[PDB]
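K.L.:
Questions regarding the structure given below will be posed in turn.
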Amino acid sequence: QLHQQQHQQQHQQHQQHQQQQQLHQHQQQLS
Amino acid sequence: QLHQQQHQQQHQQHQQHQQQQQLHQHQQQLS
Amino acid sequence: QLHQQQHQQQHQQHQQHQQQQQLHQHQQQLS
Amino acid sequence: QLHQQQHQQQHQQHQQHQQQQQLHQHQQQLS
Amino acid sequence: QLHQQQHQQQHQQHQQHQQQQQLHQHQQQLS
Amino acid sequence: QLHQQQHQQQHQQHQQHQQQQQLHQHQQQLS
Amino acid sequence: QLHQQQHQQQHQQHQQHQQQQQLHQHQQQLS
Amino acid sequence: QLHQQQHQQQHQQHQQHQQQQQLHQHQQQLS
Amino acid sequence: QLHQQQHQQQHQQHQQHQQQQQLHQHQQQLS
C-alpha cells in the first residue's frame, strides 16, 4: 500500500513588468 | 494498492506587462 | 488496484499586456 | 497642465539573415 | 505643470546572422 | 513644476553572428 | 582552385512530445 | 588550391518531453 | 595549398525532460 502525493503552487498578485518571466512546474512519480 | 496524485496550480491576479511570460506545467506518472 | 490522478490549474484574472504569453499544460500517465 | 510624450525608434539598415527576429515596441500612458 | 518625456532608440547597421534577435522597447508613464 | 526626461540609445554597427541577442529598453516615470 | 563544402545533418528517431521544437539549419558561402 | 570543409551532426534517439528544444546548426565559409 | 576541416557532433540517446534545451553548433572558416 503506497501513497504518493505531490503538490506545487505558484501565486503572483498585484505586479507589473515581468516580461519573459518563467513559471515552470515539473512533477514526476514512479513505481 | 497504489495511489498516485499530482496537483499543480498557477494563479496570477491584477497584473500588467508580462509579455512573452511562460506558465508551463508538466506532470508525469509511471507504474 | 492502481489509482493515478493528475490535476493542473492555471488561473489569470484582471490583467493587461501579456502578448505572446504561453500557458502550456502537459500530463502523461503510463502503466 | 500635464504633458506626456513617448517616442520610440527602431532602425535597421543593410542586413541579412535575421529570421524570426522581433522588433516589439510598447508604450503606455496613464492619468 | 508636469512634463514627462521618454525617448528610446535602437539602431542596427551592416549586419548578418542575428536569427531570433529581440529588439524590445517598453515605455510607461503615470500621473 | 516638474520635468522628467529619460533617454536610452543602443547602437550596433558592422556585426555578424549575434543569434538570439537581446536588446531590451525599459523606461518608467511616475508622479 | 577553390573548393568549399558544407554538410549539416539532424536526425531524430523514436520520440514523443517535442512540441514547438526547432530544427534550424543555416549555411552560407562567399567568394 | 584551397579546400574548406565543414561538417555538423546532431543525433537524438529514444526521447520524450523536449518541448521547445532548439537544434540550431550554423555554418559560414569565406574566401 | 590550404586544407581547413571542421567537424562537430552532438549525440543524445535515451532521455526524458529536456524542455527548452539548446543544441547549437557554430562553424566559421575564413581565408
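Chain lettering (A, B, ...) mirrors the order of the C-alpha cells, residue numbering begins at 1 for each chain separately, and ligand numbering begins at 1 in order of display.
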Please report as CSV every residue of chain H lying within 12 Å of chain B, along with the nearest atom pair and their distance in Å (one decimal), using only C-alpha atoms.

P.N.:
residue,atom,partner,partner_atom,distance
H:16,CA,B:28,CA,11.1
H:17,CA,B:26,CA,9.2
H:18,CA,B:26,CA,11.4
H:19,CA,B:24,CA,10.2
H:20,CA,B:24,CA,11.2

K.L.:
Could you write out the selected residues, including N, CA, C and O atoms, as a short mmCIF file (atom, residue, chain, number, x, y, z; two decimals), in the first residue's frame?

P.N.:
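For reference, out21.cif as written:
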data_model
loop_
_atom_site.label_atom_id
_atom_site.label_comp_id
_atom_site.auth_asym_id
_atom_site.auth_seq_id
_atom_site.Cartn_x
_atom_site.Cartn_y
_atom_site.Cartn_z
N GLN H 16 11.75 11.77 -25.03
CA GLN H 16 10.40 12.12 -24.64
C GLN H 16 10.47 13.41 -23.84
O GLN H 16 11.34 13.54 -22.97
N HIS H 17 9.58 14.38 -24.16
CA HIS H 17 9.44 15.65 -23.43
C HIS H 17 10.64 16.56 -23.65
O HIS H 17 11.44 16.80 -22.72
N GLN H 18 10.77 17.07 -24.87
CA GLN H 18 11.79 18.06 -25.19
C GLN H 18 11.09 19.25 -25.79
O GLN H 18 11.48 19.72 -26.86
N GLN H 19 10.00 19.68 -25.15
CA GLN H 19 9.21 20.79 -25.64
C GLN H 19 10.10 22.01 -25.79
O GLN H 19 10.96 22.27 -24.93
N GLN H 20 9.96 22.68 -26.94
CA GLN H 20 10.62 23.95 -27.22
C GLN H 20 12.15 23.79 -27.20
O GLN H 20 12.86 24.76 -26.93
#

K.L.:
Could you name the residues that touch residue I:5 at 7 Å or less, counting only C-alpha atoms, but leaving out those on the same chain fewer than 3 positions away, as a ChimeraX atom specification?

P.N.:
/H:4-6

K.L.:
So that I have them on file, write out the residues from the current selection with C-alpha atoms, as a short mmCIF file (atom, residue, chain, number, x, y, z; two decimals), in the first residue's frame.

P.N.:
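Output saved as part-v9.cif:
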data_model
loop_
_atom_site.label_atom_id
_atom_site.label_comp_id
_atom_site.auth_asym_id
_atom_site.auth_seq_id
_atom_site.Cartn_x
_atom_site.Cartn_y
_atom_site.Cartn_z
CA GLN H 4 37.31 24.17 -46.92
CA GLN H 5 35.04 21.51 -45.41
CA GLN H 6 32.54 21.91 -42.60
#

K.L.:
Just the residues within 10 Å of residue D:7, please, counting only C-alpha atoms, with nothing from its chain fewer than 4 positions along; format it as a compact mmCIF listing (two decimals) with N, CA, C and O atoms, in the first residue's frame.

P.N.:
# COMPACT_ATOMS: atom_id res chain seq x y z
N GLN D 27 4.16 51.07 -25.60
CA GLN D 27 4.03 52.37 -24.96
C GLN D 27 2.72 52.44 -24.19
O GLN D 27 1.66 52.14 -24.74
N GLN E 5 8.93 63.26 -20.60
CA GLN E 5 9.33 62.78 -21.91
C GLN E 5 10.22 61.57 -21.79
O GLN E 5 11.07 61.49 -20.91
N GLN E 6 9.93 60.58 -22.65
CA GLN E 6 10.68 59.35 -22.76
C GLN E 6 11.06 59.14 -24.21
O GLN E 6 10.17 59.17 -25.09
N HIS E 7 12.36 58.91 -24.45
CA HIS E 7 12.87 58.62 -25.77
C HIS E 7 13.71 57.35 -25.73
O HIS E 7 14.58 57.19 -24.86
N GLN E 8 13.48 56.46 -26.71
CA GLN E 8 14.25 55.22 -26.86
C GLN E 8 14.64 55.05 -28.32
O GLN E 8 13.76 55.08 -29.21
N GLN E 9 15.93 54.79 -28.57
CA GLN E 9 16.33 54.45 -29.93
C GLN E 9 17.20 53.21 -29.98
O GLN E 9 18.08 53.02 -29.12
N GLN E 27 7.92 51.51 -22.70
CA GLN E 27 7.80 52.82 -22.07
C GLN E 27 6.48 52.91 -21.31
O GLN E 27 5.40 52.68 -21.89
N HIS F 7 16.29 59.17 -21.63
CA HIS F 7 16.78 58.85 -22.96
C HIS F 7 17.62 57.57 -22.91
O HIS F 7 18.52 57.44 -22.09

K.L.:
May I have all residues of chain C that DSSP, computed from the backbone, assigns to strand (DSSP E), given as a list in words?

P.N.:
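Everything in chain C that counts as strand (DSSP E) is residues 2, 3, 4, 5, 6, 7, 8, 9, 10, 11, 12, 13, 14, 15, 16, 22, 23, 24, 25, 26, 27, 28 and 29 of chain C.
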
K.L.:
Quote the spacing between atom CA of residue D:24 and atom CA of residue D:11 in Å to one decimal place.

P.N.:
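Computed distance, atom CA of residue D:24 to atom CA of residue D:11, equals 12.2 Å.
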
K.L.:
What does the distance between atom CA of residue E:30 and atom CA of residue B:21 come to in Å, to one decimal place?

P.N.:
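Atom-to-atom, atom CA of residue E:30 to atom CA of residue B:21, that is 23.4 Å.
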
K.L.:
Quick one: everything within 10 Å of residue D:1, counting only C-alpha atoms, minus sequence neighbours fewer than 6 positions away in the same chain. Send it as a PyMOL selection string.

P.N.:
(chain E and resi 1-3) or (chain F and resi 1)

K.L.:
Using only C-alpha atoms, which protein or nucleic acid residues come within 7 Å of residue E:12? Drop anything in the same chain fewer than 2 positions from it, and give the result as a list in words.

P.N.:
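The residues satisfying every condition are residues 11, 12 and 13 of chain D; 10 of chain E; 11, 12 and 13 of chain F.
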
K.L.:
Write the selection just made, keeping N, CA and C atoms, as a short mmCIF file (atom, residue, chain, number, x, y, z; two decimals), in the first residue's frame?

P.N.:
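The resulting file, again24.cif, is reproduced below:
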data_model
loop_
_atom_site.label_atom_id
_atom_site.label_comp_id
_atom_site.auth_asym_id
_atom_site.auth_seq_id
_atom_site.Cartn_x
_atom_site.Cartn_y
_atom_site.Cartn_z
N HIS D 11 15.66 51.34 -36.04
CA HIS D 11 16.15 51.46 -37.40
C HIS D 11 17.10 50.31 -37.69
N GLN D 12 16.87 49.64 -38.82
CA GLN D 12 17.76 48.58 -39.27
C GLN D 12 18.06 48.81 -40.73
N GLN D 13 19.33 48.68 -41.09
CA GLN D 13 19.80 49.03 -42.42
C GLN D 13 20.91 48.07 -42.83
N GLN E 10 16.91 52.36 -30.97
CA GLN E 10 17.74 51.20 -31.32
C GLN E 10 18.11 51.29 -32.79
N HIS F 11 23.20 51.29 -30.09
CA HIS F 11 23.70 51.33 -31.46
C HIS F 11 24.60 50.13 -31.72
N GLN F 12 24.36 49.45 -32.83
CA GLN F 12 25.22 48.34 -33.24
C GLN F 12 25.52 48.48 -34.70
N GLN F 13 26.79 48.29 -35.05
CA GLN F 13 27.26 48.57 -36.39
C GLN F 13 28.33 47.54 -36.78
#

K.L.:
For atom CA of residue H:22 and atom CA of residue G:23, quote the distance in Å rounded to one decimal.

P.N.:
6.2 Å

K.L.:
Which residues, written as a CSV table (one decimal) with N, CA, C and O atoms, in the first residue's frame, have at least one atom at most 6 Å from residue E:29, with only C-alpha atoms counted and residues fewer than 6 positions away on the same chain left out?

P.N.:
chain,number,residue,atom,x,y,z
D,29,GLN,N,0.5,55.1,-21.4
D,29,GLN,CA,0.3,56.4,-20.6
D,29,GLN,C,-0.9,56.3,-19.8
D,29,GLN,O,-2.0,56.0,-20.3
F,28,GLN,N,10.3,53.8,-17.1
F,28,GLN,CA,9.1,54.1,-16.4
F,28,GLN,C,9.3,55.5,-15.7
F,28,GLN,O,10.3,55.9,-15.3
F,29,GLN,N,8.1,56.2,-15.7
F,29,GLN,CA,8.0,57.5,-15.0
F,29,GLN,C,6.7,57.5,-14.2
F,29,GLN,O,5.7,57.2,-14.7
